[PDB]
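Every residue, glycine among them, receives a Cβ derived from its backbone with ideal geometry; neighbour counts consider all protein chains shown. Every number in this text was worked out from the coordinates using simple rules, so none of it is lab data.
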Amino acid sequence: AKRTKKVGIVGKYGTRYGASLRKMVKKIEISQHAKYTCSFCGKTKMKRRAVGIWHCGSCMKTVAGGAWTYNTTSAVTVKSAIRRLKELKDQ
Amino acid sequence: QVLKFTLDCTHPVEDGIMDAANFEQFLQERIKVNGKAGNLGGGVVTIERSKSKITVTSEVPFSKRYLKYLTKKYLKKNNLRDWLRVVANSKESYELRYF
Amino acid sequence: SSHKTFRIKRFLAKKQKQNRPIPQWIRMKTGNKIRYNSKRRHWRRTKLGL
Amino acid sequence: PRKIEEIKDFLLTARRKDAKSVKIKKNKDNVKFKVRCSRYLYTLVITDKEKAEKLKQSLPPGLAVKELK
Amino acid sequence: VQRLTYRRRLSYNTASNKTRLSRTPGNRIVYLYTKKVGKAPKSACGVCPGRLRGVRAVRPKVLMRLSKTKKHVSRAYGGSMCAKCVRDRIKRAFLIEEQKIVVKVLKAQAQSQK
RNA sequence: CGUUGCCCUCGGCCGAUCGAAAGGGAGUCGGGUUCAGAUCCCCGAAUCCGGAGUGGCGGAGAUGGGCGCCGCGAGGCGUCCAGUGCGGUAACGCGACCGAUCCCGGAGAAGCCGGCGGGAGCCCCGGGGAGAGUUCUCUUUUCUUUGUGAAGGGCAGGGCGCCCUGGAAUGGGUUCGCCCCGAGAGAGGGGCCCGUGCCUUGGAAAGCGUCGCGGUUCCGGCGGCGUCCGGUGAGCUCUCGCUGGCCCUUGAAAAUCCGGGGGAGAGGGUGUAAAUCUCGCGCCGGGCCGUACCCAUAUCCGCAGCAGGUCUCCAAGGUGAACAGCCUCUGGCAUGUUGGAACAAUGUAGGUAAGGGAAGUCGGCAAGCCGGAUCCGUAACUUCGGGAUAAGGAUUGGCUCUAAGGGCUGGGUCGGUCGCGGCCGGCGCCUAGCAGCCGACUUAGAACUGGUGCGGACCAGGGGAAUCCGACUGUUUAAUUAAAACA
RNA sequence: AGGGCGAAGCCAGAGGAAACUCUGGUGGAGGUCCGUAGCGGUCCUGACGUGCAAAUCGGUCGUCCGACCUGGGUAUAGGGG
Ligand SMILES: [Mg+2]
Ligand SMILES: [Mg+2]
Ligand SMILES: [Mg+2]
Ligand SMILES: [Mg+2]
Ligand SMILES: [Mg+2]
Ligand SMILES: [Mg+2]
Ligand SMILES: [Mg+2]
Ligand SMILES: [Mg+2]
Ligand SMILES: [Mg+2]
Ligand SMILES: [Mg+2]
Ligand SMILES: [Mg+2]
Ligand SMILES: [Mg+2]
Ligand SMILES: [Mg+2]
Ligand SMILES: [Mg+2]
Ligand SMILES: [Mg+2]
Ligand SMILES: [Mg+2]
Ligand SMILES: [Mg+2]
Ligand SMILES: [Mg+2]
Ligand SMILES: [Mg+2]
Ligand SMILES: [Mg+2]
Ligand SMILES: [Mg+2]
Ligand SMILES: [Mg+2]
Ligand SMILES: [Zn+2]
């Protein structure tokens, strides 16, 4: 809290849009601009390019992910289920 | 180096309009060196007399067209800048002429 | 305009030829009712079939 | 245009069918030899004066040799 | 100061109407119109973002004029594809075929066993 | 050998066609020339595209190696094979280097915004010249002017997400910001791209500046001299480049052009061939239409030479934050459809007013106050971001000084030997650096000074306390309603 | 144009046993503020009102990186757009 007590990323917006909305945006607004780790090389370069598409700059691995996160929870839970059923079918 | 600039005034003197000795004297007075008017900055520049032709002979850096200025100043003092005109005859030289 | 089609240029040319005033020998013809051209078009007032 | 470096090479270029005017510019300290062709204007810089005077004679059948002034 | 005008009837400053200042032998600043900037070809691999070496990056309708050597490079996949992606293609294509052979061998042993 | 007829063989497309004088789209520039046209005429330098058959010529393909003889030897013949180019560890290179249908790829082909860097044009400064103006006094003066097209070749200067060596924690490298590294950092060596910058061919012959002649004339006449050297930068304009930021916005197609994978074919048989996405040269051609001028306080539209409207490019000095205003050069005008003489009332547009200070009026409408900068100082309230230039204060000129901020280059001196310079060996090793040489510009402080004047013109917020409405930015009745209406 | 405010990220220093927090920088966000060109059109209920003008003029104003301004091309036509 060097410059701001409690706005951070959403200090750009100034007074506008209301407190709740700006608090609500701060979560996403952070995550979406986060640089994640490319589970492919392991550098911290997974960066959202456009909605649902994240690109490693080093790996050059474009990756269909979430709108504001490299992974949605939904996607993750769906992944594991499919893996479980796959194993249940084939044996 | 040896910077040798003539300043010949042949046919204003032959018509008897000005005197070259007085012009030499005026040039020995004025010609400034390093921002000092009198004494030619010591034994630095040297002014010669040959009836009509003046020669200025410097050792230090010395502009040519400073002689044009001072002739123009001298010609104004004598009320000659009207029918007398300074021109570069050749390089290292000026030349007083009529119109 | 300085970017003309050929169609338009030719159109203008004829218009430019039509402007000239009557030849005075016409006045001396036998059954002459014509004194002046009366179809004269000045560019500054009256502005073409366009 | 094209500069040339061998006195022989310019002589060969001058000897072509397509060539014509072989004008010669005494610049002082240089003496060029400009020989026009179909496509290009070949020039050759010959720093020596006596060597240029010698070459002057070595152009062949009755070309223009239109010396420049 | 010498201001200046465009030399063509295109008034608007556009991709087509780009210029540069030049002093002539006549000692007048004049506009010369400038040729667009050509790009080197990018790789056929499609991952390597960097454009290819040893090729004259020039406007494509020029290539026509150019000599073959300018337009490519002496290698397999020359001036189409970056080296790195060739020497990975090579050893990939080799190593793959060695495993295909190993699976063929394991298949043939299984037939002889059964 | 062409040309055609027939037979077989192969062939996806994708919609005929139209649609851009600003999108895409090969290739032209310098000088001259007109009463009026010039990238179009003339001179000179280029260039693309198409053709080029019989192939016009060189060069490449390609002229090896073997064995057998004969010859002192250089070599000559006989006979056997090879020959769709070579160099580099590599990035990749070299003037050419066969090849079809088919396939893959690229280029054409990409938003806006920020920051930083390089290159030019212009400005600036210090000087050289040539011509000027000033000269009562002063002024080595102030003013002008001081050049090199495209296309080639060279070389700086940029950039590289290219390669090789090698192996980095005491982690390093490094940007204004970042950002990069065992998926290979630093360090060394290279490779490629752009090269609009220099040099050079062009090209001094041409241009410009000066002095000077030839000619009653006509005359694009002819000569001299010159066209120099340096330095600066959050400078501005354009541009090339790198690197970020923004998006529930992700920012054109196609014609055209190339590369690669393939390997169906073709070539001649030991001096030559087919082959040149041909290398260098040579020859021939490029039709059609537009091209005057105005482009706007007089060539356009508003009935007109109408204070209206109407898309762009270029863009000097001073002051200054500044493309603000004010004054200036370059260039341009004659005060906007008239003149003269008066200076009454009413006006229109400006100003100023003693004492009071909104008593005026529906209402502070109108005008006035405030205004820049630096330094202090800053409330309630709050969605904690704001409010905020809150409010409220002080300073500001001229002059003469001081201090503080940067770059470049230099020691390998002693001894030897070789030609002030090199090479070797030994000291030295400024390793707290010191010395000389350059150059923008700011900031702070101090003295003195003036009739307290100083952001001296220009530019340039009046504040405060509360209530009502609508969250906000946005939009709206062209021509009486900008709002609380719509969004 | 030119200025103001100075959001994330980044650096250092200081404290903290940790969690992390302070101080100074850097950085340059935004339907952010001032303010030019541009776009507009509040008030003077000013000028004009047989006008310059069948809606103009002057000052004063709003906005000026965004639901921004704007040329050309192209689409929608009358109980229709
Ligand atoms: Mg009209
Ligand atoms: Mg175009
Ligand atoms: Mg190459
Ligand atoms: Mg068409
Ligand atoms: Mg390295
Ligand atoms: Mg014209
Ligand atoms: Mg104009
Ligand atoms: Mg008047
Ligand atoms: Mg008048
Ligand atoms: Mg008028
Ligand atoms: Mg009063
Ligand atoms: Mg009353
Ligand atoms: Mg009252
Ligand atoms: Mg008021
Ligand atoms: Mg307040
Ligand atoms: Mg209430
Ligand atoms: Mg509102
Ligand atoms: Mg209205
Ligand atoms: Mg209104
Ligand atoms: Mg009114
Ligand atoms: Mg009236
Ligand atoms: Mg009038
Ligand atoms: Zn690759």
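Projecting each Cα onto the charge dipole of chain B (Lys/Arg +1, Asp/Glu -1 at the beta carbon, about the Cα centre), which of B:5, B:22, B:54 comes out farthest on the positive side?
Final value for the positive-end residue is B:5.
Taking the Cα centre of segment B:8-99 as origin, sum charge times position over the Cβ atoms of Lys and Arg (+1) and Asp and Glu (-1), and report the length of that vector in debye to the nearest 20.
460 debye
Residue A:67's amide H: which non-local residues (gap 5+, or another chain) put their own amide H closer than 5 Å, with H modeled 1.01 Å from N in plane and none for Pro or chain starts?
Hits under the 5 Å cutoff: A:52.
Along the charge dipole of chain A, pointing to its positive end and built from +1/-1 on Cβ of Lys, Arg, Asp and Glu, which listed residue (A:28, A:66, A:77) has its Cα farthest out?
Looking along the dipole axis, the top candidate is A:28.
Residues of segment B:43-64 with amide nitrogen under 19 Å from the 7 Å Cα-to-Cβ point of residue B:91?
Within reach of a label on residue B:91, which here means backbone N under 19 Å from a point 7 Å along Cα→Cβ, segment B:43-64 contributes B:56-64.
Hey, how many Å between the Cα centroid of segment B:6-28 and the Cα centroid of chain C?
What the calculation gives is 77 Å, centre to centre.
Once a ≥ b ≥ c are taken as the square roots of the eigenvalues of the Cα gyration tensor of segment E:1-79, is the result rounded (a/c under 1.5), prolate (a/b larger than b/c) or oblate (a/b not larger than b/c)? List each step's numbers first, then the result.
Numbers: a/c = 3.41, a/b = 2.49, b/c = 1.37.
It comes out prolate by the Cα gyration axes.
For chain D, state the average projected area of the convex hull of the C-alpha atoms over all orientations, rounded to one decimal in nm².
Details: hull surface 17.0 nm².
Result: a mean projected hull area of 4.3 nm².
Using a 10 Å cut-off around each Cβ, can you sort C:6, D:10, C:11 from fewest to most neighbouring Cβ atoms?
Details: C:6 7, D:10 23, C:11 15.
If I rank by nearby Cβ atoms, fewest first, I get C:6, C:11, D:10.
Using a basic spin-label model with each label point 7 Å from the Cα along Cα→Cβ, how many nm lie between residue B:39 and residue A:33?
7.5 nm
I need the calculated FRET efficiency for the pair residue E:101 and residue A:1, taking r as the beta carbon distance and R₀ as 60 Å, to the nearest 0.05.
0.40
Any idea what angle helix B:20-30 forms with the longest principal axis of chain B, computed on alpha-carbon atoms, 0 to 90 degrees, nearest 10?
Between helix and principal axis, roughly 40 degrees.
Given the Cα-Cα distance of residue D:45 and residue D:28 and 0.36 nm per residue of separation, how much length would full extension add, in nm?
The residue D:45-residue D:28 span can extend by a further 5.0 nm.
Kindly write out, for segment E:91-103 in residue order, the coupling ³J(HN,Hα) from the Karplus curve 6.51 cos²θ - 1.76 cosθ + 1.60 (θ = phi - 60°), rounded to whole Hz, with x marking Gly and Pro.
5, 3, 3, 6, 4, 4, 4, 5, 6, 3, 5, 4, 5
So how strong a dipole does chain E carry about its Cα centre when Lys and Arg Cβ are +1 and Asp and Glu Cβ are -1, to the nearest 20 debye?
Working: 31 positive and 3 negative charges, 141 e Å.
Magnitude of the dipole: close to 680 debye.
For segment A:41-56 and segment E:42-114, what is the separation of their Cα centres, given in Å?
Distance between centres, Cα-based: 27 Å.
Nearest 10 degrees, 0 to 90: what angle lies between the long axis of helix B:66-77 and the longest principal axis of chain B (Cα atoms)?
50 degrees
Could you tell me how far the Cα centroid of chain D sits from the Cα centroid of segment B:36-58, in Å?
For segment B:36-58 versus chain D, the Cα centre distance is 52 Å.
Given a cut-off of 22 Å, what percent of all Cα-Cα pairs of chain A lie beyond it? Numbers along the way, then the final one.
Working: 1943 of 4095 pairs.
Tail of the P(r) past 22 Å holds 47 percent of the pairs.
Alpha carbons only, please: Rg and Dmax for segment B:21-68, in angstrom.
Taking only Cα atoms of segment B:21-68, I get Rg and Dmax of 10.2, 30 Å.
Which residue, D:33, C:26, B:79, has the largest displacement toward the positive end of the dipole of the protein assembly as shown when charges sit on each Cβ (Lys, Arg +1; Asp, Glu -1)?
Comparing the listed Cα positions along the dipole, C:26 ranks first.
For the modelled label position 7 Å from the Cα of residue C:3 along Cα-to-Cβ, which residues of segment E:2-24 have backbone nitrogen atoms closer than 20 Å?
Under 20 Å, as judged by backbone N against the label point of residue C:3, lie E:5-19 of segment E:2-24.
By counting other Cβ atoms within 10 Å of each Cβ, how are E:72, A:33 ranked from fewest to most? Could the numbers behind the result be given before it?
Values: E:72 16, A:33 11.
Listed from fewest to most nearby Cβ atoms, that is A:33, E:72.
Taking Cα pairs under 8 Å and at least six residues apart, what relative contact order does chain A come out at, in percent? Walk me through the intermediate numbers first.
Working: 92 pairs, mean separation 14.1, N = 91.
Contact order relative to length: 16 percent.
If the only charges are +1 at each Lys and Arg Cβ and -1 at each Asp and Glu Cβ, what is the size of the charge dipole of segment A:31-91 around the Cα centre, to the nearest 20 debye? Numbers along the way, then the final one.
Values: 12 positive and 2 negative charges, 35 e Å.
Using Cβ point charges on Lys, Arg, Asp and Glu, segment A:31-91 gives about 160 debye.
For the protein assembly as shown, what is the calculated [θ] at 222 nm in deg cm²/dmol (nearest 500), taking -39500 (n - 2.57) for each run of four or more DSSP H residues and dividing by its residue count?
Using -39500 (n - 2.57) per qualifying helix, the result is -9500 deg cm²/dmol.
Evaluated at 10 °C with a viscosity of 1.306 mPa s, what Stokes-Einstein diffusion coefficient in µm²/s does the protein assembly as shown have when Rh comes from the Kirkwood expression over alpha-carbon pairs? Each step should come with its number before you reach the end.
Numbers: Rh = 36.5 Å.
Translational diffusion coefficient: 44 µm²/s.
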